[PDB]
Amino acid sequence: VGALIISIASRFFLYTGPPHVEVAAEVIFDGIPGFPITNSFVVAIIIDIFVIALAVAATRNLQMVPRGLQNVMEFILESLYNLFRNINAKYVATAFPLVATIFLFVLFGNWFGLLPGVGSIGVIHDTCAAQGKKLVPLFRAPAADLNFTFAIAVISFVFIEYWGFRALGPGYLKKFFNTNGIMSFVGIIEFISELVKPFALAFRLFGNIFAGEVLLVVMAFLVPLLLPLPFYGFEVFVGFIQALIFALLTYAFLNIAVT
Amino acid sequence: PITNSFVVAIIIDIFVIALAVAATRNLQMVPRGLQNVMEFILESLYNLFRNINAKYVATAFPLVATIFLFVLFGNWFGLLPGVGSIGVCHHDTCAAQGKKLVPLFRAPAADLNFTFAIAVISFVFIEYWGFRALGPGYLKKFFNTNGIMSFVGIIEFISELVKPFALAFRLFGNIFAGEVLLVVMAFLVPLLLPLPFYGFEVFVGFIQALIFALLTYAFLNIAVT
Amino acid sequence: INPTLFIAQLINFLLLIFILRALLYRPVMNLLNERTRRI
Amino acid sequence: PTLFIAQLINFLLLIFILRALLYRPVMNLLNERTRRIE
Amino acid sequence: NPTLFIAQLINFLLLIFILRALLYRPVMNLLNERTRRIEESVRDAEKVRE
Amino acid sequence: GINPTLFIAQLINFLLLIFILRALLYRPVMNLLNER
Amino acid sequence: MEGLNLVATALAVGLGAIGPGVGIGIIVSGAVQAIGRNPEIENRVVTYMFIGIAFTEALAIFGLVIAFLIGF
Amino acid sequence: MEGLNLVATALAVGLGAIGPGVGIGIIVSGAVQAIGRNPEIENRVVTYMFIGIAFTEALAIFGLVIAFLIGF
Amino acid sequence: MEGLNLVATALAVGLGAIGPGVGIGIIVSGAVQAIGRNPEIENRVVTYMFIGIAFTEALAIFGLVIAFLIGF
Amino acid sequence: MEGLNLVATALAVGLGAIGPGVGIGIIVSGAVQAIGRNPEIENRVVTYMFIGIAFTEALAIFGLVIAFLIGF
Amino acid sequence: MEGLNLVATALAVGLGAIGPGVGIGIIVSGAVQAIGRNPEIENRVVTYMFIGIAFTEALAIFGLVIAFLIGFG
Amino acid sequence: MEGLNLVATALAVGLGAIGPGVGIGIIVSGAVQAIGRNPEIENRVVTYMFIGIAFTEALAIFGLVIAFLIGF
Amino acid sequence: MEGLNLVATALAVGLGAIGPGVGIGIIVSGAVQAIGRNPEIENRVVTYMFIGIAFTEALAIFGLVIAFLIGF
Amino acid sequence: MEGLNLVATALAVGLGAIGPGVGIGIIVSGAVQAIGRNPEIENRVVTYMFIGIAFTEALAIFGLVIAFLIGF
Amino acid sequence: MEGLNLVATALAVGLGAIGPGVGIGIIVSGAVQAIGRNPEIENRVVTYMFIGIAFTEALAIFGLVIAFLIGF
Amino acid sequence: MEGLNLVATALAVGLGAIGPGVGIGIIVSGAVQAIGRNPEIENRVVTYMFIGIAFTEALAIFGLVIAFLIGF
């Protein structure tokens, strides 16, 4: 090792080769009449089937002794179970299927977004820009789509509202209306914040993934070699942290609605 | 020539002289009345000065007491009725033959002339007494004494010079702001609105009067150090 | 912001949740609880 | 001026209202000091 | 795009190597420790059963 | 701009007031010290 | 003035978050310090922490939504 | 210019969220610290926290009202 | 600049909500911490907390009334 | 310009409220904290609390006066 | 004012990032002090630490995405 | 620009208050806490608290006088 | 009105650097204070210190790259 | 144009005091807290307190003098 | 605009140095507090203080070189 | 514009002291508080305080020299 830090490979086509920005907020792949399927939805499909195959392999000949994929999946599930019990221990099983699948799908969607070619592969000038048709990129992260993040947020909001109605009765006088005291003023702000929560979560995840994608692409544009490695690692960490905190905030909001 | 604030300053000085004459006319043990209050104020001031520096507590004590009494009198005269309403003429009372209706009573601290004298006197006292028992050491910059220590000394030297000017400007700003706040409250409503500010005006004036003397004593002690 | 795309994404997420509950969550908890049950 | 007269009246009323309450404790303190003189 | 796929893949391989050389060992150790604890518990349960 | 003559007059008045106050309070200070 | 709405949206989002972020940080730091000081009491103090978090987030999203209104 | 109302509303919301957000953060942090020091006073201290949070949120409410009036 | 009055009115409220917002929060946090440290002095310190809150609210009201005069 | 006085007044009011509000908040928080620590010197410490509050409010008064001068 | 969009997208990211940075710093300091005082509760409280950190970074991302949208319509 | 002196003096007087106010508040809070910890040391505490207050308020005085020079 | 890109980049850099500096300062201060409190537990503290440092410097780099976009 | 010097003087005077003022406040607070901790160290802590005060006031006076040069 | 370059340079130098003007101070204060609380850990805490100093001066130098680019 | 360079000088001076002033204040406060806690660490604390102050002093000189370039 010593002091061999030279960065000679770094000074390779600083900004001449790779395209300048070439980013978009939403794109559509279509391909069928009627529903315009998008590349982000396509990745959600390939992630979903990959998750299904992974779960099957982990459950393939379920043995009492854990090993390999079964062992790591058990460790992940038990760590999540303990983490959720640390907040509430009465409703862990009720919300566990939703929370666990949310975390697992979001984590793999974020990690797949950092795979190479998510911006390079699509159907300066690259390949398709040479022809007369614009190069729409393929393999877009599902969290980069609002229609996915908003769907997850509204699903979580429906779940939390249904369970907060099923428990504690349908009263909600702490947030609906109060007769006297400042509680009347508190309840309206509580209702407003509750309405905010799904939008806040959806925007949080969507942005924290899409901005990471944009940053990795743009740092591939300038000094493409050997510099964006720590930032790729940081984006892996960001995707993992976001996937975790989405589920954590979901369960915490559910428990606080129970209270 | 003279301005409006000069008359109020002379009135404050005359009132101080009259109060001193009344206190000293009947000087006896166990005072009860105006003399007792004046003695209590003087003793409290002496105690505060000795808390700062007892060696120089009585050095410029008469000058500090005179400055404090003048400041208190000017602050009291500012909130008194008749200041800013009576116009000498070089709708308003002096609308006919407009001459801006110069106020009869102008606060001595509300001007940059009377306020500037206090700063000059304080700076002269600090430099004299500071250099009286220090010689070159009072303004010594400690040139490279502690690893280019001259930079610290040169910067601190400007602070000491600006301190008296800062105090005078602070007093002038306080007086002018009190008068302007009273005028603004009067323009806002005709009665009972300025109560939150008029009452705070007297307390602010008293606090500033005490603070000027305290800062002078502390600067003298720092200069003595 | 395509409502049809949002509906499709919600349907896919719900199907994934159901599949995981019926194939992954149920067996993992059963295996995990068995250890405590064994304990 | 009418506004000046009203402002002076309000200022005098506020000054008297503050002065009565201040002098009450001030009178108590002066009496205590006179008693503690001897 | 034969201009950014190469850069990303080259970076991707380096990231994979760094992760395997900095994080694979602790993850393997944690998994092995969990497996060892589970196996010891299972052996104790079998012995108590027998 | 500030009137130098007005400032000089104010300084003279302040100095005279300070001297008069010192002369008047020299006896009161002595009386207070003797009492205590 | 040739795109004043962009600056408007930027100021709405930009100035709507510098305040709330400090509030969230202070809330959660105080919660963490109190939890460390008293491990026993955790169940209900987190409730107040989260209601404060929700209020602060709603405050920020007020500006975010206001900016999005101008964006359209 | 033209869109001065837009930047007006943006500034109003942003600067009305700058302060009250920090105020809420400090209030909740102090309440949490007191709870950690004394859970017994909860019944009154949470009430004081609420009567403070309402007053702090009032200014943000004023900012939103002015923003909506401008938007109107 | 036609909406210059609008931006002035919004700016007044926005900046006047900053200082009081933090001040009320700090006051409430200090009072809450003292109460947790000493419930027996409840009324005495609540009075001073209300005094500080009233001062901050008075400053905020001054800002609001300046904005209202400008807008009107 | 036609409304530059308005924005000047608004900026003056808001900035003169930003600082003194925080100063008063800190003053009251410290005073109440000390009172909770030692109620026996309640009057002694409130004596300094009020005088500090006066100096803090002085800056807000200065800003309001300047704003009124520009406003009128 | 042809480049006003540039100043807009600069402000959207610059402002809205100051608060998140201070929030992250405060969260880290508080969590570190608490775990130094309470070592065994670290494995429980690091979760809330990351919750607050990711909240602050969520606000920063709210600024960032708006800046990116401004920079490209 | 026309009337730029007005916004100039307003900016000067406003920005001269946000800094000194917080410093004065911190000074007063620290002095009060120290006096609470040690009662008999108030004589030496206050004599430095006022000088620190004067030093801090000197900056606001500079702001005000510069505003007057621009205003006049 | 050319050259506005320069001031845009400058504002982006300044307002994206002023926050992270304070954040990392607070991070290092808290970490070193806790380490001095008990040097026994270091790695399980320096780890979180570096986590916060990396996150805050990453936000700073976000600001830096978005500035260099206008710069390039 | 024709007044930009006034705005420059205002900005220099203002922004040149908001940092030094808080620095002086924190310096005085820490010094007074140390004094309350132990009285015997006064002469050794007043010196460095004055050193910090001199540095902050030097920065503020530099800002003021630079503004005065523009004003002249 | 024939002068926006100088303003951009000033913004890049000044702004982006406030945060790296307070983070360094906080780092040093925490380091010296730990040093007072533990002198034998001097080298270990001084190394981390230097780590924080380097991290902050990284952003400082980034802003400075960006200003130099604008200046050049 | 024509006086825009003067505004640039003001911005360089004004913004170049906000950070360093607060940093110096915090450093001095922490050093003095530590010295009050433990007098024997006075020498090392003063040395580290000087290093920290020198860092922020050079950072302020960074803006000061840029302002002088424009001034000269």
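Residue by residue along B:120-126, Cβ atoms of other protein chains within 10 Å of the local Cβ number 1 on average. Computed from backbone phi, the HN-Hα couplings of region B:74-82 come to x, 5, 5, 5, x, 7, 6, x, x Hz, rounded to whole numbers (Karplus: 6.51 cos²θ - 1.76 cosθ + 1.60, θ = phi - 60°; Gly and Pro given as x). With K and R counted +1 and D and E -1, the other residues having a Cβ less than 14 Å from that of residue J:65 yield a net charge of -3.
Net charge around residue G:34, counting only other residues with Cβ within less than 10 Å of its Cβ (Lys, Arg = +1; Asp, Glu = -1)? Write out the running numbers ahead of the final one.
Details: positive: G:37, H:37; negative: G:42.
Once positives and negatives cancel, what remains is +1.
Each of the peptides B:145-152, I:26-33 was scored by the mean count of other Cβ atoms within 10 Å over its residues; in descending order, highest first, they stand as I:26-33, B:145-152. Over chain I, DSSP H runs of length four or greater, each weighted -39,500 (n - 2.57), average out per residue to a 222 nm ellipticity of -30500 deg cm²/dmol. Under a 5 Å amide H cut-off, with hydrogens placed 1.01 Å from N, residue A:122 pairs with A:138 among residues at least 5 apart or on other chains. For the residues of A:55-64, the average number of beta carbons from a partner chain within 10 Å of their own beta carbon is 3. Per-residue ellipticity at 222 nm, computed for chain B from helices alone with -39500 (n - 2.57) per DSSP H run of at least four residues, works out to -23500 deg cm²/dmol. Distance between the pseudo-spin-label points of residue L:2 and residue A:136 (7 Å out from Cα toward the beta carbon): 5.6 nm.
Centroid-to-centroid, using Cα positions, chain N and region B:90-142 are 23 Å apart. Within straight-line reach of residue B:140, meaning a Cα separation under 25 Å, sit the following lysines at least 8 residues removed in sequence or on another chain: B:55, B:163.
Can you tell which of A:172, A:73, A:51 lies farthest toward the positive end of the dipole of chain A, using +1 and -1 charges on the Cβ of basic and acidic side chains (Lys, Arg; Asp, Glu)? Selected residue: A:172.
Projecting label points 7 angstrom from Cα along Cα→Cβ for residue B:11 and residue A:50 puts them 8.9 nm apart. Remark on residue B:89: its backbone amide H falls under 5 Å from those of B:101, B:102, a criterion applied only to residues 5 or more positions apart or on other chains, H modelled at 1.01 Å from N. Within the same chain, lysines fewer than 8 places from residue A:90 are excluded, and of the rest, none has a Cα less than 18 Å from its Cα. Across region A:239-248, coupling constants 3J(HN,Hα) worked out from phi with the 6.51/-1.76/1.60 Karplus curve, θ = phi - 60°, read x, 4, 5, 5, 4, 5, 5, 4, 5, 4 Hz, and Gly and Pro carry x. Near residue A:236: Cβ cut-off under 14 Å, other residues only, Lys/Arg at +1 and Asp/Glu at -1. The net charge is -1.
In chain E the Cα-Cα distances spread across 10 Å bins starting at 0 as 22, 23, 19, 16, 12, 6, 1 percent of all pairs. Counting other Cβ atoms within 10 Å, which GluC sites (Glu not before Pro) in region M:25-72 have at most 11 and lie in a DSSP loop? Filter output for region M:25-72: M:40.
Identify the trypsin sites (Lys or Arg not before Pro) of region A:39-110 meeting these criteria: DSSP loop state and at most 14 other C-beta atoms within 10 Å of the C-beta. Don't jump to the answer; show the numbers that get you there.
Values: sites: A:60, A:67, A:85, A:90; in loops: A:60, A:67, A:90.
Of the trypsin sites (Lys or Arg not before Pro), the ones in loops of region A:39-110 whose Cβ has at most 14 other Cβ atoms within 10 Å are A:60, A:67, A:90.
Each of residue B:86 and residue P:54 was given a label point 7 Å from its Cα along the Cα-to-Cβ line. The distance between the two points is 6.5 nm. Cross-link partners for residue B:141 among the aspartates and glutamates, with Cα-Cα distance under 20 Å and sequence neighbours closer than 8 places in the same chain left out: B:127, B:156, B:160, N:57, P:57. The HN-Hα couplings worked out from phi for region C:8-17 by the Karplus form 6.51 cos²θ - 1.76 cosθ + 1.60 (θ = phi - 60°) are 5, 5, 5, 5, 4, 5, 5, 5, 4, 4 Hz, whole numbers, x standing for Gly and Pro. Each peptide among A:174-181, P:14-21, L:2-9 gets the average number of other Cβ atoms lying within 10 Å of its residues, and from highest to lowest they stand as P:14-21, L:2-9, A:174-181.
Report, as an integer, the average count of C-beta atoms from other chains found within 10 Å of each Cβ along B:65-76. Don't jump to the answer; show the numbers that get you there.
Numbers: counts 5, 10, 3, 0, 3, 5, 0, 0, 1, 0, 0, 1.
If you average over the peptide's residues, the count of other-chain Cβ atoms is 2.
A short reminder: the numbers here are calculations on the coordinates, not readings from a lab. Cβ coordinates were reconstructed from backbone atoms using ideal geometry, including for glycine residues, and neighbour counts include every protein chain displayed.
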